[PDB]
Amino acid sequence: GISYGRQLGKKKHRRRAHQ
RNA sequence: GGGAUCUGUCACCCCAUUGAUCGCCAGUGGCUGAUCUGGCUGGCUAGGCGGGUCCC
């Protein structure tokens, strides 16, 4: 709501990327 | 306008904190907020956007 932050897990789940 | 390739950015799931560091409160405990992270013949005939090149 008021907060503009986002939740993120300790373990990163992002590796691959569009290319 | 369409197709292919390359590069950059963003999201999700499973497995590596009896790996580490920083900050606040606290000698009971709690918080991922950040970074690091191997397996992509693990999932892009799963997704979006920008630029370059080629072809029609």
# chains A, B, ... in the order shown; residues from 1 in each chain; ligands from 1
>>> interface_residues(of="chain A", to="chain B", cutoff="8 Å", atoms="only C-alpha atoms (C1' of nucleotides)", output="count of residues only")
9
>>> residues_around(residues="residue 14 in chain B", least_positions_apart="5", cutoff="12 Å", atoms="only C-alpha atoms (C1' of nucleotides)", output="PyMOL selection string")
(chain A and resi 11+13) or (chain B and resi 39+42-43)
>>> atom_distance(atom1="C1' of residue 38 in chain B", atom2="CA of residue 15 in chain A")
11.9 Å
>>> atom_distance(atom1="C1' of residue 52 in chain B", atom2="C1' of residue 3 in chain B")
16.5 Å
>>> atom_distance(atom1="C1' of residue 15 in chain B", atom2="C1' of residue 31 in chain B")
24.7 Å
>>> decode(residues="chain A", atoms="N, CA and C atoms", output="PDB file, in the first residue's frame")
ATOM      1  N   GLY A   1       0.859  -1.218   0.000  1.00  0.00           N
ATOM      2  CA  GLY A   1       0.000   0.000   0.000  1.00  0.00           C
ATOM      3  C   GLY A   1       0.879   1.246   0.000  1.00  0.00           C
ATOM      4  N   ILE A   2       1.044   1.854   1.181  1.00  0.00           N
ATOM      5  CA  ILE A   2       1.855   3.063   1.302  1.00  0.00           C
ATOM      6  C   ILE A   2       3.299   2.755   0.893  1.00  0.00           C
ATOM      7  N   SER A   3       3.836   1.640   1.399  1.00  0.00           N
ATOM      8  CA  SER A   3       5.208   1.258   1.085  1.00  0.00           C
ATOM      9  C   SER A   3       5.339   0.985  -0.405  1.00  0.00           C
ATOM     10  N   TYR A   4       6.443   1.451  -0.984  1.00  0.00           N
ATOM     11  CA  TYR A   4       6.703   1.253  -2.411  1.00  0.00           C
ATOM     12  C   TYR A   4       7.721   0.127  -2.647  1.00  0.00           C
ATOM     13  N   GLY A   5       8.081  -0.608  -1.582  1.00  0.00           N
ATOM     14  CA  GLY A   5       9.045  -1.696  -1.695  1.00  0.00           C
ATOM     15  C   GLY A   5       8.385  -2.957  -2.225  1.00  0.00           C
ATOM     16  N   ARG A   6       9.214  -3.961  -2.491  1.00  0.00           N
ATOM     17  CA  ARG A   6       8.740  -5.242  -2.995  1.00  0.00           C
ATOM     18  C   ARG A   6       9.388  -6.371  -2.215  1.00  0.00           C
ATOM     19  N   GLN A   7       8.665  -7.480  -2.080  1.00  0.00           N
ATOM     20  CA  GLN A   7       9.183  -8.635  -1.355  1.00  0.00           C
ATOM     21  C   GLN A   7      10.091  -9.456  -2.251  1.00  0.00           C
ATOM     22  N   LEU A   8      11.208  -9.901  -1.682  1.00  0.00           N
ATOM     23  CA  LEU A   8      12.170 -10.703  -2.421  1.00  0.00           C
ATOM     24  C   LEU A   8      12.785 -11.761  -1.506  1.00  0.00           C
ATOM     25  N   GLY A   9      12.812 -13.005  -1.985  1.00  0.00           N
ATOM     26  CA  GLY A   9      13.367 -14.114  -1.210  1.00  0.00           C
ATOM     27  C   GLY A   9      14.879 -13.989  -1.074  1.00  0.00           C
ATOM     28  N   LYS A  10      15.411 -14.595  -0.014  1.00  0.00           N
ATOM     29  CA  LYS A  10      16.846 -14.558   0.255  1.00  0.00           C
ATOM     30  C   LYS A  10      17.610 -15.212  -0.886  1.00  0.00           C
ATOM     31  N   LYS A  11      17.079 -16.337  -1.366  1.00  0.00           N
ATOM     32  CA  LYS A  11      17.698 -17.057  -2.464  1.00  0.00           C
ATOM     33  C   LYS A  11      17.190 -16.473  -3.773  1.00  0.00           C
ATOM     34  N   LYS A  12      18.123 -16.018  -4.602  1.00  0.00           N
ATOM     35  CA  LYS A  12      17.776 -15.423  -5.884  1.00  0.00           C
ATOM     36  C   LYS A  12      17.258 -16.488  -6.832  1.00  0.00           C
ATOM     37  N   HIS A  13      16.185 -16.150  -7.545  1.00  0.00           N
ATOM     38  CA  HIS A  13      15.570 -17.080  -8.500  1.00  0.00           C
ATOM     39  C   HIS A  13      15.691 -16.561  -9.936  1.00  0.00           C
ATOM     40  N   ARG A  14      16.598 -15.601 -10.165  1.00  0.00           N
ATOM     41  CA  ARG A  14      16.787 -15.041 -11.502  1.00  0.00           C
ATOM     42  C   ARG A  14      18.181 -15.360 -12.013  1.00  0.00           C
ATOM     43  N   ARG A  15      18.239 -15.988 -13.187  1.00  0.00           N
ATOM     44  CA  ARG A  15      19.524 -16.368 -13.779  1.00  0.00           C
ATOM     45  C   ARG A  15      19.538 -16.066 -15.278  1.00  0.00           C
ATOM     46  N   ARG A  16      18.758 -16.836 -16.033  1.00  0.00           N
ATOM     47  CA  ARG A  16      18.651 -16.655 -17.477  1.00  0.00           C
ATOM     48  C   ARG A  16      18.008 -15.321 -17.800  1.00  0.00           C
ATOM     49  N   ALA A  17      18.205 -14.872 -19.034  1.00  0.00           N
ATOM     50  CA  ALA A  17      17.633 -13.612 -19.486  1.00  0.00           C
ATOM     51  C   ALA A  17      17.429 -13.630 -20.997  1.00  0.00           C
ATOM     52  N   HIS A  18      16.444 -12.858 -21.457  1.00  0.00           N
ATOM     53  CA  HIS A  18      16.126 -12.786 -22.877  1.00  0.00           C
ATOM     54  C   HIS A  18      17.325 -12.258 -23.655  1.00  0.00           C
ATOM     55  N   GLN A  19      17.583 -12.871 -24.804  1.00  0.00           N
ATOM     56  CA  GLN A  19      18.713 -12.473 -25.639  1.00  0.00           C
ATOM     57  C   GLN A  19      18.421 -12.746 -27.114  1.00  0.00           C
TER      58      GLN A  19
END
